[PDB]
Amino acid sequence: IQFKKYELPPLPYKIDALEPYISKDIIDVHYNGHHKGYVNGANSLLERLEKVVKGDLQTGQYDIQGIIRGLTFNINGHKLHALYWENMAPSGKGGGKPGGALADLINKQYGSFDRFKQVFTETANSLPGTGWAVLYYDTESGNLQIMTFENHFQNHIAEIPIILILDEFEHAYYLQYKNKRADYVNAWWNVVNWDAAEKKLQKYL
């Protein structure tokens, strides 16, 4: 008996492809340091949980909440970064405006891409601390629901798909923007992969 381990996905572009909006220095450590660290951390804990399940670790030799809470931290750390890389593209291919159905829903619910952009930016800058800003597609209501996550595992909405995701941990921008998080959020719009977001939305109609 065992659990299947997670694998680090390949970066969809060169570490310097997002310049000048996100320097290669950040991407390098962000992918090779942080993201790889969550794949390793998750697998390491799955291994430890396997021991609890098999009985190799007896009662009193582990503290279940430490393992379980550590898994949601690392597993989300991995899954969220995987979505992040795919949600961005080299400028010229990335940025601009959305089209297809995504553009349509945005117009019906926010009035226009420009208004949506303002509301999302405002919401992302209000996040108290480290976390993420995401745009969900609620398969139940059909709403494009904005949400801010605290850390990697707080504030999620169950089961629904993530269409847009912005990493707001300080490591995602500090080396280049320092404490100017807002400038980072502003620069981010220039590398958003609207094509990828459109394709993901299509899967859920």
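A residue's number is simply how far along the shown sequence it sits, counting from 1.
>> Averaging CA B factors per stretch from the PDB record, which one is higher: 98-106 or 76-84?
In response: Going by the record's values, the stretch with the higher mean is 98-106.
>> Test of understanding: from the entry's C-alpha B-factors, which stretch has the higher mean, 24-32 or 167-175?
In response: Stretch with the greater average CA B-factor: 24-32.
> For the listed residues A89, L135, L71, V119, which one has the largest C-alpha B-factor as given in the deposited model?
Replying inline: Checking the PDB record, the top C-alpha B-factor among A89, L135, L71, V119 is at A89.
> Of the three thirds of its chain by CA temperature factor, lowest, middle or highest, which one includes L49?
Replying inline: Middle third - that is where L49 ends up once the chain's C-alpha B-factors are sorted.
> Which third of the chain holds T59 when residues are ordered by C-alpha B factor: lowest, middle or highest?
Replying inline: Its C-alpha B-factor, which the entry lists for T59, ranks in the highest third among residues of this chain.
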